[PDB]
>>> print(open('run20.cif').read())   # mmCIF, C-alpha atoms
data_structure
loop_
_atom_site.label_atom_id
_atom_site.label_comp_id
_atom_site.auth_asym_id
_atom_site.auth_seq_id
_atom_site.Cartn_x
_atom_site.Cartn_y
_atom_site.Cartn_z
CA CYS A 582 21.17 -20.63 -2.43
CA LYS A 583 18.32 -23.05 -3.13
CA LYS A 584 18.70 -24.47 0.38
CA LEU A 585 18.70 -20.98 1.91
CA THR A 586 15.69 -19.72 -0.06
CA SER A 587 13.94 -22.94 0.95
CA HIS A 588 14.06 -21.50 4.50
CA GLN A 589 14.86 -24.73 6.36
CA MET A 590 18.28 -23.58 7.63
CA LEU A 591 18.03 -23.98 11.40
CA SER A 592 21.68 -22.85 11.62
CA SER A 593 21.34 -20.12 8.99
CA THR A 594 23.67 -17.78 10.90
CA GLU A 595 26.69 -20.07 10.58
CA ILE A 596 25.74 -20.90 6.99
CA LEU A 597 25.70 -17.21 6.11
CA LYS A 598 29.06 -16.70 7.85
CA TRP A 599 30.69 -19.55 5.93
CA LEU A 600 29.11 -18.25 2.73
CA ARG A 601 30.76 -14.90 3.44
CA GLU A 602 34.07 -16.72 3.83
CA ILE A 603 33.51 -18.62 0.57
CA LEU A 604 32.69 -15.38 -1.25
CA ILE A 605 35.78 -13.70 0.21
CA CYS A 606 37.97 -16.56 -0.98
CA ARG A 607 36.32 -16.52 -4.41
CA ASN A 608 37.03 -12.80 -4.77
CA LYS A 609 40.61 -13.27 -3.57
CA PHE A 610 41.20 -16.00 -6.15
CA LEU A 611 39.59 -13.84 -8.83
CA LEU A 612 41.95 -11.00 -7.93
CA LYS A 613 44.91 -13.40 -8.04
CA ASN A 614 43.86 -14.65 -11.48
CA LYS A 615 43.26 -11.12 -12.78
CA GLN A 616 46.71 -10.03 -11.62
CA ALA A 617 48.07 -13.20 -13.24
CA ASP A 618 45.90 -12.85 -16.37
CA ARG A 619 43.52 -9.96 -17.04
CA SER A 620 41.17 -12.11 -19.13
CA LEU A 625 36.00 -15.38 -15.49
CA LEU A 626 35.61 -12.93 -18.37
CA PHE A 627 34.32 -15.46 -20.91
CA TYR A 628 32.82 -17.78 -18.26
CA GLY A 629 30.31 -15.49 -16.57
CA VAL A 630 31.20 -11.94 -17.62
CA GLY A 631 30.37 -12.22 -21.33
CA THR A 676 21.80 -21.40 -21.31
CA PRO A 677 23.23 -18.12 -20.01
CA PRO A 678 26.64 -18.20 -18.30
CA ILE A 679 26.50 -20.26 -15.12
CA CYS A 680 28.36 -17.60 -13.13
CA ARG A 681 25.68 -15.02 -13.93
CA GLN A 682 22.96 -17.35 -12.64
CA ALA A 683 25.05 -18.11 -9.56
CA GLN A 684 25.42 -14.39 -8.85
CA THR A 685 21.67 -13.98 -9.36
CA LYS A 686 21.00 -16.68 -6.77
CA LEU A 687 23.56 -14.99 -4.51
CA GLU A 688 21.83 -11.61 -4.64
CA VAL A 689 18.35 -13.14 -4.29
CA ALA A 690 19.38 -15.04 -1.16
CA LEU A 691 21.12 -11.94 0.19
CA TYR A 692 17.94 -9.90 -0.28
CA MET A 693 16.09 -12.66 1.57
CA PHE A 694 18.57 -12.40 4.45
CA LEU A 695 17.75 -8.76 5.23
CA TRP A 696 14.15 -9.90 5.76
CA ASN A 697 15.14 -12.76 8.09
CA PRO A 698 13.56 -12.15 11.53
CA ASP A 699 16.94 -12.77 13.20
CA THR A 700 19.35 -9.98 14.15
CA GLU A 701 22.95 -11.02 13.39
CA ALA A 702 22.07 -12.14 9.85
CA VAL A 703 21.58 -8.55 8.63
CA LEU A 704 25.23 -7.75 9.30
CA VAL A 705 26.25 -10.95 7.51
CA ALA A 706 24.15 -10.00 4.49
CA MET A 707 25.56 -6.45 4.43
CA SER A 708 29.12 -7.76 4.62
CA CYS A 709 28.24 -10.07 1.74
CA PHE A 710 26.88 -7.05 -0.16
CA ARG A 711 30.20 -5.28 0.42
CA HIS A 712 32.10 -8.33 -0.84
CA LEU A 713 29.87 -8.57 -3.93
CA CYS A 714 30.63 -4.92 -4.64
CA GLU A 715 34.33 -5.63 -4.13
CA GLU A 716 34.30 -8.54 -6.58
CA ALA A 717 32.34 -6.48 -9.11
CA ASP A 718 35.03 -3.80 -8.83
CA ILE A 719 37.79 -6.41 -9.15
CA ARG A 720 36.23 -7.90 -12.29
CA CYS A 721 36.40 -4.43 -13.87
CA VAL A 726 35.21 2.33 -16.34
CA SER A 727 31.88 2.45 -14.50
CA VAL A 728 31.04 -0.40 -12.14
CA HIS A 729 27.34 0.38 -12.68
CA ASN A 730 27.62 -1.41 -16.04
CA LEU A 731 27.45 -4.66 -14.03
CA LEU A 732 25.58 -3.70 -10.83
CA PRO A 733 23.66 -0.45 -11.40
CA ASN A 734 22.75 -0.11 -7.70
CA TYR A 735 26.34 -0.34 -6.42
CA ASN A 736 25.83 2.87 -4.42
CA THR A 737 23.20 1.24 -2.21
CA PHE A 738 25.42 -1.80 -1.65
CA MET A 739 28.31 0.50 -0.71
CA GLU A 740 26.02 2.32 1.73
CA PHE A 741 25.13 -1.09 3.22
CA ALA A 742 28.72 -1.34 4.52
CA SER A 743 28.48 1.98 6.36
CA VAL A 744 25.10 0.83 7.69
CA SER A 745 26.64 -2.45 8.88
CA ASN A 746 29.66 -0.81 10.54
CA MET A 747 27.45 1.45 12.66
CA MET A 748 26.17 -0.17 15.84
CA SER A 749 22.51 -1.21 15.87
CA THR A 750 20.65 -0.99 19.19
CA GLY A 751 18.26 -3.83 18.38
CA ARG A 752 16.56 -5.29 15.34
CA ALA A 753 14.02 -2.46 15.05
CA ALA A 754 16.66 0.16 14.24
CA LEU A 755 18.41 -2.27 11.88
CA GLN A 756 15.06 -3.10 10.28
CA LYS A 757 14.32 0.60 9.75
CA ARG A 758 17.79 1.14 8.28
CA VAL A 759 17.20 -1.78 5.91
CA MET A 760 13.88 -0.26 4.82
CA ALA A 761 15.57 3.10 4.23
CA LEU A 762 18.33 1.49 2.17
CA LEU A 763 15.71 -0.38 0.12
CA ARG A 764 13.90 2.91 -0.46
CA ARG A 765 17.24 4.22 -1.73
CA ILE A 766 17.43 1.32 -4.22
CA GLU A 767 16.55 2.95 -7.56
CA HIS A 768 17.79 0.81 -10.46
CA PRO A 769 15.59 -2.31 -10.91
CA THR A 770 18.25 -4.97 -11.34
CA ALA A 771 17.27 -8.55 -12.16
CA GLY A 772 18.31 -9.70 -8.69
CA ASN A 773 15.84 -7.39 -6.98
CA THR A 774 13.06 -8.38 -9.39
CA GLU A 775 13.59 -12.08 -8.73
CA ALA A 776 14.04 -11.57 -4.98
CA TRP A 777 11.09 -9.21 -4.50
CA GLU A 778 8.54 -11.45 -6.21
CA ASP A 779 9.90 -14.58 -4.53
CA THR A 780 9.89 -12.87 -1.13
CA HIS A 781 6.35 -11.69 -1.88
CA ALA A 782 5.28 -15.29 -2.54
CA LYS A 783 6.56 -16.33 0.88
CA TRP A 784 4.90 -13.25 2.38
CA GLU A 785 1.63 -14.09 0.63
CA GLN A 786 1.66 -17.68 1.88
CA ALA A 787 2.47 -16.69 5.47
CA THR A 788 -0.27 -14.05 5.23
CA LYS A 789 -3.02 -16.67 4.97
CA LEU A 790 -1.66 -18.83 7.80
CA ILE A 791 -2.08 -16.12 10.44
CA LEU A 792 -5.58 -15.13 9.30
CA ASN A 793 -7.15 -18.42 8.21
CA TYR A 794 -6.15 -20.33 11.34
CA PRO A 795 -8.47 -19.42 14.28
CA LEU A 828 -0.01 -17.26 20.62
CA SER A 829 3.44 -18.71 19.94
CA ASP A 830 3.34 -17.06 16.49
CA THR A 831 4.62 -13.72 17.81
CA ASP A 832 7.89 -14.42 16.00
CA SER A 833 5.95 -15.18 12.81
CA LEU A 834 4.00 -11.94 13.23
CA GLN A 835 7.27 -10.03 13.62
CA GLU A 836 8.67 -11.73 10.51
CA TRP A 837 5.53 -10.84 8.55
CA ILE A 838 5.74 -7.24 9.77
CA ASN A 839 9.33 -7.19 8.50
CA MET A 840 8.16 -8.69 5.19
CA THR A 841 5.55 -5.97 4.80
CA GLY A 842 8.14 -3.22 5.15
CA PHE A 843 10.57 -5.12 2.93
CA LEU A 844 8.04 -5.33 0.11
CA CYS A 845 6.94 -1.72 0.63
CA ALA A 846 10.46 -0.27 0.49
CA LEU A 847 11.69 -2.63 -2.25
CA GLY A 848 8.48 -2.49 -4.28
CA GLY A 849 9.64 0.53 -6.26
CA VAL A 850 12.00 -1.44 -8.49
CA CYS A 851 9.25 -3.77 -9.71
CA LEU A 852 6.86 -0.91 -10.50
CA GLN A 853 9.61 1.04 -12.28
CA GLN A 854 10.46 -2.03 -14.36
CA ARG A 855 6.78 -2.56 -15.21
CA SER A 856 6.64 1.01 -16.57
CA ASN A 857 9.09 0.24 -19.41
CA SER A 858 8.56 -3.51 -19.81
CA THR A 889 0.73 -6.40 -12.78
CA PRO A 890 1.71 -8.29 -9.62
CA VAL A 891 2.79 -4.98 -8.07
CA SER A 892 -0.85 -3.88 -8.27
CA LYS A 893 -2.01 -6.93 -6.31
CA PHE A 894 0.43 -5.98 -3.53
CA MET A 895 -1.59 -2.91 -2.55
CA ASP A 896 -4.84 -4.72 -3.39
CA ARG A 897 -4.03 -7.16 -0.60
CA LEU A 898 -2.77 -4.18 1.41
CA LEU A 899 -6.05 -2.33 0.84
CA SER A 900 -7.90 -5.25 2.42
CA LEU A 901 -5.50 -5.16 5.37
CA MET A 902 -6.63 -2.09 7.34
CA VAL A 903 -10.14 -3.52 7.78
CA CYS A 904 -8.93 -6.91 9.02
CA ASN A 905 -10.92 -8.21 12.01
CA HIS A 906 -9.35 -11.49 13.12
CA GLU A 907 -9.41 -13.23 16.49
CA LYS A 908 -5.59 -13.19 16.59
CA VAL A 909 -4.48 -9.70 17.75
CA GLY A 910 -5.99 -7.85 14.80
CA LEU A 911 -5.35 -4.46 16.40
CA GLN A 912 -1.59 -5.03 16.41
CA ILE A 913 -1.75 -6.19 12.78
CA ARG A 914 -3.67 -3.05 11.81
CA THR A 915 -1.23 -0.80 13.67
CA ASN A 916 1.78 -2.44 12.04
CA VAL A 917 0.19 -2.32 8.58
CA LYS A 918 -0.68 1.37 8.95
CA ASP A 919 2.81 2.25 10.20
CA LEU A 920 4.49 0.28 7.41
CA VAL A 921 2.27 1.73 4.67
CA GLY A 922 2.87 5.23 6.00
CA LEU A 923 6.55 5.47 6.85
CA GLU A 924 8.04 2.53 4.95
CA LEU A 925 6.40 2.97 1.54
CA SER A 926 8.71 4.03 -1.26
CA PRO A 927 8.17 7.37 -3.05
CA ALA A 928 7.86 5.66 -6.45
CA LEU A 929 4.81 3.73 -5.21
CA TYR A 930 2.92 6.95 -4.41
CA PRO A 931 0.88 7.29 -7.64
CA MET A 932 -0.42 3.72 -7.43
CA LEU A 933 -1.37 4.25 -3.79
CA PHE A 934 -3.26 7.43 -4.67
CA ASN A 935 -5.05 5.83 -7.62
CA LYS A 936 -6.09 2.79 -5.59
CA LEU A 937 -7.21 4.86 -2.60
CA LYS A 938 -9.32 7.18 -4.77
CA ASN A 939 -11.31 4.28 -6.21
CA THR A 940 -11.52 2.59 -2.80
CA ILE A 941 -13.09 5.75 -1.38
CA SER A 942 -15.32 6.27 -4.44
CA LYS A 943 -17.21 3.03 -3.68
CA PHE A 944 -18.89 4.46 -0.56
CA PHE A 945 -21.15 6.86 -2.48
CA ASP A 946 -24.23 5.88 -4.47
CA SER A 947 -25.06 7.18 -7.95
CA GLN A 948 -26.93 10.16 -6.47
CA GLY A 949 -24.04 10.63 -4.04
CA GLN A 950 -25.67 9.01 -1.00
CA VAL A 951 -22.92 7.79 1.32
CA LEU A 952 -22.94 4.04 2.04
CA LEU A 953 -22.43 4.48 5.78
CA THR A 954 -20.99 1.27 7.22
CA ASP A 955 -18.72 0.30 10.10
CA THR A 956 -16.14 -1.11 7.68
CA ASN A 957 -16.42 2.05 5.57
CA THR A 958 -15.88 4.29 8.61
CA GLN A 959 -12.93 2.18 9.77
CA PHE A 960 -11.37 2.42 6.30
CA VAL A 961 -11.95 6.18 6.23
CA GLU A 962 -10.29 6.72 9.61
CA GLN A 963 -7.34 4.41 8.65
CA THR A 964 -6.94 6.32 5.37
CA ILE A 965 -6.98 9.65 7.20
CA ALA A 966 -4.35 8.49 9.68
CA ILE A 967 -2.17 7.00 6.94
CA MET A 968 -2.43 10.12 4.76
CA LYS A 969 -1.53 12.34 7.72
CA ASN A 970 1.51 10.18 8.50
CA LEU A 971 2.54 10.16 4.83
CA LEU A 972 2.27 13.91 4.27
CA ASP A 973 3.87 14.74 7.62
CA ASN A 974 6.99 12.73 6.79
CA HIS A 975 9.35 14.45 4.32
CA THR A 976 10.60 11.52 2.28
CA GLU A 977 13.65 11.98 0.07
CA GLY A 978 12.49 12.83 -3.44
CA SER A 979 8.81 12.46 -2.53
CA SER A 980 8.04 15.86 -4.07
CA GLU A 981 8.96 14.71 -7.57
CA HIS A 982 6.58 11.75 -7.15
CA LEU A 983 3.72 13.23 -5.10
CA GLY A 984 3.16 15.84 -7.81
CA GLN A 985 1.70 13.36 -10.29
CA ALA A 986 -1.61 12.18 -8.83
CA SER A 987 -4.23 14.45 -7.28
CA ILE A 988 -5.63 14.32 -3.75
CA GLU A 989 -8.71 16.29 -4.85
CA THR A 990 -11.49 13.73 -5.30
CA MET A 991 -10.45 11.50 -2.40
CA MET A 992 -10.22 14.43 0.02
CA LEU A 993 -13.59 15.70 -1.20
CA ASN A 994 -15.19 12.28 -0.72
CA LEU A 995 -13.66 11.92 2.74
CA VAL A 996 -15.13 15.30 3.66
CA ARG A 997 -18.54 14.29 2.33
CA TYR A 998 -18.40 11.07 4.35
CA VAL A 999 -17.28 12.88 7.51
CA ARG A 1000 -20.26 15.20 7.04
CA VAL A 1001 -22.67 12.47 8.17
CA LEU A 1002 -20.29 11.15 10.83
CA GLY A 1003 -22.73 12.39 13.48
CA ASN A 1004 -21.89 13.96 16.85
CA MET A 1005 -20.43 11.03 18.81
CA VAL A 1006 -16.99 10.97 20.41
CA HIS A 1007 -15.63 8.88 17.54
CA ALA A 1008 -17.11 11.32 15.03
CA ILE A 1009 -15.53 14.28 16.83
CA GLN A 1010 -12.13 12.57 16.94
CA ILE A 1011 -12.41 11.71 13.24
CA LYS A 1012 -13.31 15.32 12.43
CA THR A 1013 -10.32 16.61 14.41
CA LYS A 1014 -8.00 14.17 12.62
CA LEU A 1015 -9.46 15.22 9.26
CA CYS A 1016 -8.91 18.89 10.11
CA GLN A 1017 -5.29 18.16 11.02
CA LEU A 1018 -4.92 16.29 7.72
CA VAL A 1019 -6.41 19.23 5.82
CA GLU A 1020 -3.96 21.62 7.46
CA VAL A 1021 -1.02 19.30 6.72
CA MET A 1022 -2.06 18.87 3.08
CA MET A 1023 -2.55 22.61 2.68
CA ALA A 1024 0.95 23.19 4.07
CA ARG A 1025 2.34 21.36 1.02
CA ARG A 1026 0.49 22.91 -1.91
CA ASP A 1027 3.82 23.35 -3.70
CA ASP A 1028 4.60 19.63 -3.45
CA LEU A 1029 1.23 18.56 -4.83
CA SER A 1030 -0.12 19.38 -8.29
CA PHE A 1031 -3.60 20.91 -8.63
CA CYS A 1032 -5.58 21.15 -11.85
CA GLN A 1033 -8.10 23.53 -10.22
CA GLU A 1034 -7.00 24.71 -6.78
CA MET A 1035 -9.41 27.64 -6.47
CA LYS A 1036 -12.68 25.68 -6.62
CA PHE A 1037 -11.10 22.98 -4.45
CA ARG A 1038 -10.19 25.39 -1.65
CA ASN A 1039 -13.53 27.17 -1.95
CA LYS A 1040 -15.31 23.82 -1.60
CA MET A 1041 -13.51 22.88 1.59
CA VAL A 1042 -13.89 26.40 3.02
CA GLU A 1043 -17.65 26.27 2.43
CA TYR A 1044 -17.90 22.74 3.86
CA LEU A 1045 -15.76 23.45 6.94
CA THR A 1046 -17.51 26.73 7.79
CA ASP A 1047 -20.43 24.63 9.04
CA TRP A 1048 -18.14 22.58 11.29
CA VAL A 1049 -17.17 25.46 13.60
CA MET A 1050 -19.64 26.26 16.40
CA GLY A 1051 -21.53 22.99 16.09
CA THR A 1052 -22.61 22.27 19.67
CA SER A 1053 -20.82 25.00 21.62
CA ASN A 1054 -24.06 25.72 23.52
CA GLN A 1055 -26.41 22.72 23.16
CA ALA A 1056 -23.99 20.27 24.80
CA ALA A 1057 -24.72 19.32 28.41
CA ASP A 1058 -21.38 17.73 29.40
CA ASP A 1059 -17.86 19.07 29.80
CA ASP A 1060 -16.49 16.14 27.80
CA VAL A 1061 -18.87 16.96 24.95
CA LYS A 1062 -17.98 20.64 25.36
CA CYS A 1063 -14.24 19.90 25.46
CA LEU A 1064 -14.43 17.77 22.32
CA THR A 1065 -16.54 20.43 20.59
CA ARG A 1066 -14.00 23.11 21.51
CA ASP A 1067 -11.15 20.95 20.21
CA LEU A 1068 -13.01 20.34 16.95
CA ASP A 1069 -13.76 24.06 16.61
CA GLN A 1070 -10.12 24.99 17.18
CA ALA A 1071 -8.94 22.42 14.63
CA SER A 1072 -11.55 23.59 12.11
CA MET A 1073 -10.54 27.22 12.61
CA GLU A 1074 -6.88 26.31 12.09
CA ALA A 1075 -7.76 24.42 8.90
CA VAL A 1076 -9.89 27.31 7.63
CA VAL A 1077 -7.09 29.80 8.31
CA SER A 1078 -4.68 27.52 6.45
CA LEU A 1079 -7.05 27.22 3.48
CA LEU A 1080 -7.73 30.91 3.05
CA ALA A 1081 -4.13 32.10 2.79
CA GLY A 1082 -4.20 33.57 -0.71
CA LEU A 1083 -7.58 32.01 -1.55
CA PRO A 1084 -9.53 34.28 -3.92
CA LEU A 1085 -13.29 33.90 -3.65
CA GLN A 1086 -15.20 32.64 -6.69
CA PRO A 1087 -18.56 31.05 -5.89
CA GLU A 1088 -19.85 28.17 -7.98
CA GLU A 1089 -22.24 28.93 -10.84
CA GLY A 1090 -25.07 30.88 -9.23
#
>>> encode(input="run20.cif", output="structure tokens")
Amino acid sequence: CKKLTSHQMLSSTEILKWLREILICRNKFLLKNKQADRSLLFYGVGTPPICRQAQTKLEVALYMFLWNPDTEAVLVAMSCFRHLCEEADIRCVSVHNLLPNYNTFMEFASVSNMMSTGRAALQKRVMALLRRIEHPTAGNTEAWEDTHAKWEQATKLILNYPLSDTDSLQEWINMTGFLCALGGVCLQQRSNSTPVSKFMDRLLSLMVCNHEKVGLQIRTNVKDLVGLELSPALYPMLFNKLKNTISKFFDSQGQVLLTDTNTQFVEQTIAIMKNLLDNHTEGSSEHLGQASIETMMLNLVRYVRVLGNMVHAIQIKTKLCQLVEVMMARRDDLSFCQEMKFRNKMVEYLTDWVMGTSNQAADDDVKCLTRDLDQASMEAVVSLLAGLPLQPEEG
């Protein structure tokens, strides 16, 4: 396990296969002993017992394997998960008393049996299974932080160095999704026990990365991972961080600090929020209804006010209108302290958006973009006003 986590196994596929064989033989001998003598039990089942530490190294290395940028290793790791579940069952009546997340490991076997049409589908299935991992066992906690350390170190290498690293970029993209989907266990443990906070803090810096080495691909991958891959339990932290990130663009009087980086962050945040709300994650409702999207949406609207009339500004306004419609479609999922004033505010702010340059434009492209923006704004306004009583602010 130390050799494998060291990540110098040039023949890691065969090593994993033989490790599967060794685990199978270990479980077979354990079953033979248990049939011979029920109680092994006092040598690893209750310095801590050496068998417990060995199993911890086993699960840490197995969690590393799912992140390995290869393709055949995922099946090896899932078979090893199935064998670990089998040996946990043999040693034992609830099997969750030893491995609380045994359901996810059992689902790993069904995931492994089904044919994968490339690494991308297998990678997505691994992210989904990690999202399904609820109980924060010690193996996940050790593996997640250790994998994060490798991810953090490889993060600097791509950026700091000013090619052949396409494989490294793919591995880092896999690491991002791995940490996003498996990050829920660490945060849940920290709630009843932070490095989890620094994960998004580095992530927050990611969307505005401008590096000479294919920064556009990095931004696209980061946005896609943050949107689709992120676990539901990490939602409140994402909302809290994004609110304060957006709140730094306005002065004390409320003057917007208009900057290219600020606009890029705003348009990344809009795209990511649209992707997040559009996707119906399993159990996301019970977690999205804790933080509020009120202040951040309001600030984004205030910033988009001064976006101007350029093509980029029109596209940003259309995307924001689509986001407003999508968010309004899920009022039940979200929790609002004061929905009435919120909806009135956006209705009053969006009323100005419609019919902006429907006559003063001199080009069809300007006219087409204006018509698209007007249609999107009208759709958003119609969505807002369904059931919206009118109550003007203090007059």
>>> closest_residue(input="run20.cif", among="A:920, A:904, A:929, A:1015", to="residue 892 of chain A", atoms="only C-alpha atoms")
A:929
>>> resolve_selection(input="run20.cif", expression="the PyMOL selection byres ((chain A and resi 1061) around 12)", output="VMD selection string")
chain A and resid 1004 to 1010 1051 to 1060 1062 to 1068
>>> closest_residue(input="run20.cif", among="A:900, A:705, A:972, A:988", to="residue 959 of chain A", atoms="all atoms listed in the file")
A:900
>>> closest_residue(input="run20.cif", among="A:703, A:690, A:847, A:611", to="residue 588 of chain A", atoms="only C-alpha atoms")
A:690
>>> atom_distance(input="run20.cif", atom1="atom CA of residue 606 of chain A", atom2="atom CA of residue 739 of chain A")
19.6 Å
>>> closest_residue(input="run20.cif", among="A:928, A:761, A:899, A:1032", to="residue 967 of chain A", atoms="all atoms listed in the file")
A:899
>>> closest_residue(input="run20.cif", among="A:974, A:756, A:857, A:1078", to="residue 1042 of chain A", atoms="only C-alpha atoms")
A:1078
>>> residues_near_point(input="run20.cif", point="(-8.8, -17.9, 8.4)", cutoff="12 Å", atoms="all atoms listed in the file", output="number ranges by chain")
A: 787-795, 904-908
>>> residues_around(input="run20.cif", residues="residue 595 of chain A", least_positions_apart="5", cutoff="10 Å", atoms="all atoms listed in the file", output="ChimeraX atom specification")
/A:590,600-601,702,705
>>> axis_aligned_box(input="run20.cif", around="segment 896-912 of chain A", padding_each_side="6 Å", output="lines of an AutoDock Vina configuration file")
center_x = -6.3
center_y = -7.7
center_z = 7.2
size_x = 21.3
size_y = 23.1
size_z = 33.1
>>> atom_distance(input="run20.cif", atom1="atom CA of residue 980 of chain A", atom2="atom CA of residue 848 of chain A")
18.4 Å
>>> atom_distance(input="run20.cif", atom1="atom CA of residue 911 of chain A", atom2="atom CA of residue 930 of chain A")
25.1 Å
>>> closest_residue(input="run20.cif", among="A:840, A:1002, A:986, A:923", to="residue 966 of chain A", atoms="only C-alpha atoms")
A:923
>>> resolve_selection(input="run20.cif", expression="the PyMOL selection byres ((chain A and resi 983) around 9)", output="PyMOL selection string")
chain A and resi 927-928+930-931+978-982+984-987+1028-1030
>>> resolve_selection(input="run20.cif", expression="the PyMOL selection byres ((chain A and resi 944) around 12)", output="compact mmCIF listing (two decimals) with C-alpha atoms, in the frame of the given file")
# COMPACT_ATOMS: atom_id res chain seq x y z
CA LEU A 937 -7.21 4.86 -2.60
CA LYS A 938 -9.32 7.18 -4.77
CA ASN A 939 -11.31 4.28 -6.21
CA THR A 940 -11.52 2.59 -2.80
CA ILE A 941 -13.09 5.75 -1.38
CA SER A 942 -15.32 6.27 -4.44
CA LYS A 943 -17.21 3.03 -3.68
CA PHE A 945 -21.15 6.86 -2.48
CA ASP A 946 -24.23 5.88 -4.47
CA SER A 947 -25.06 7.18 -7.95
CA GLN A 948 -26.93 10.16 -6.47
CA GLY A 949 -24.04 10.63 -4.04
CA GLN A 950 -25.67 9.01 -1.00
CA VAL A 951 -22.92 7.79 1.32
CA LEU A 952 -22.94 4.04 2.04
CA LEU A 953 -22.43 4.48 5.78
CA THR A 954 -20.99 1.27 7.22
CA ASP A 955 -18.72 0.30 10.10
CA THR A 956 -16.14 -1.11 7.68
CA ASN A 957 -16.42 2.05 5.57
CA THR A 958 -15.88 4.29 8.61
CA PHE A 960 -11.37 2.42 6.30
CA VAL A 961 -11.95 6.18 6.23
CA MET A 991 -10.45 11.50 -2.40
CA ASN A 994 -15.19 12.28 -0.72
CA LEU A 995 -13.66 11.92 2.74
CA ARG A 997 -18.54 14.29 2.33
CA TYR A 998 -18.40 11.07 4.35
CA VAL A 999 -17.28 12.88 7.51
>>> residues_around(input="run20.cif", residues="residue 704 of chain A", least_positions_apart="4", cutoff="12 Å", atoms="only C-alpha atoms", output="JSON, numbers by chain")
{"A": [594, 597, 598, 601, 691, 694, 695, 696, 697, 699, 700, 708, 709, 710, 711, 741, 742, 743, 744, 745, 746, 747, 748, 749, 752, 755, 756, 758, 759]}
>>> residues_near_point(input="run20.cif", point="(23.3, 5.5, -9.0)", cutoff="10 Å", atoms="only C-alpha atoms", output="PyMOL selection string")
chain A and resi 729+732-737+765-768
>>> decode(input="run20.cif", residues="segment 704-717 of chain A", atoms="N, CA and C atoms", output="short mmCIF file (atom, residue, chain, number, x, y, z; two decimals), in the first residue's frame")
data_model
loop_
_atom_site.label_atom_id
_atom_site.label_comp_id
_atom_site.auth_asym_id
_atom_site.auth_seq_id
_atom_site.Cartn_x
_atom_site.Cartn_y
_atom_site.Cartn_z
N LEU A 704 -11.92 -1.24 -12.70
CA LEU A 704 -12.54 -2.54 -12.50
C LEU A 704 -11.81 -3.35 -11.44
N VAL A 705 -10.48 -3.28 -11.42
CA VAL A 705 -9.71 -3.98 -10.40
C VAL A 705 -10.07 -3.46 -9.01
N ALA A 706 -10.14 -2.14 -8.86
CA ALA A 706 -10.48 -1.53 -7.59
C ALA A 706 -11.90 -1.86 -7.14
N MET A 707 -12.85 -1.90 -8.06
CA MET A 707 -14.22 -2.29 -7.74
C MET A 707 -14.35 -3.76 -7.36
N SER A 708 -13.62 -4.64 -8.05
CA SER A 708 -13.57 -6.04 -7.62
C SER A 708 -12.97 -6.16 -6.23
N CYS A 709 -11.94 -5.36 -5.94
CA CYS A 709 -11.35 -5.37 -4.61
C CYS A 709 -12.32 -4.83 -3.57
N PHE A 710 -13.14 -3.84 -3.95
CA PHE A 710 -14.20 -3.38 -3.05
C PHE A 710 -15.18 -4.50 -2.75
N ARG A 711 -15.58 -5.25 -3.79
CA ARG A 711 -16.49 -6.37 -3.59
C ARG A 711 -15.88 -7.41 -2.67
N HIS A 712 -14.59 -7.69 -2.83
CA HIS A 712 -13.93 -8.68 -1.97
C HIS A 712 -13.78 -8.17 -0.54
N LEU A 713 -13.54 -6.87 -0.36
CA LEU A 713 -13.51 -6.31 0.99
C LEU A 713 -14.87 -6.43 1.66
N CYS A 714 -15.94 -6.17 0.91
CA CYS A 714 -17.28 -6.37 1.45
C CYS A 714 -17.52 -7.83 1.79
N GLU A 715 -17.05 -8.74 0.94
CA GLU A 715 -17.22 -10.17 1.20
C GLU A 715 -16.49 -10.58 2.47
N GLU A 716 -15.27 -10.09 2.68
CA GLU A 716 -14.53 -10.48 3.88
C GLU A 716 -15.13 -9.84 5.12
N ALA A 717 -15.67 -8.62 5.00
CA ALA A 717 -16.37 -8.01 6.12
C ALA A 717 -17.60 -8.83 6.49
#
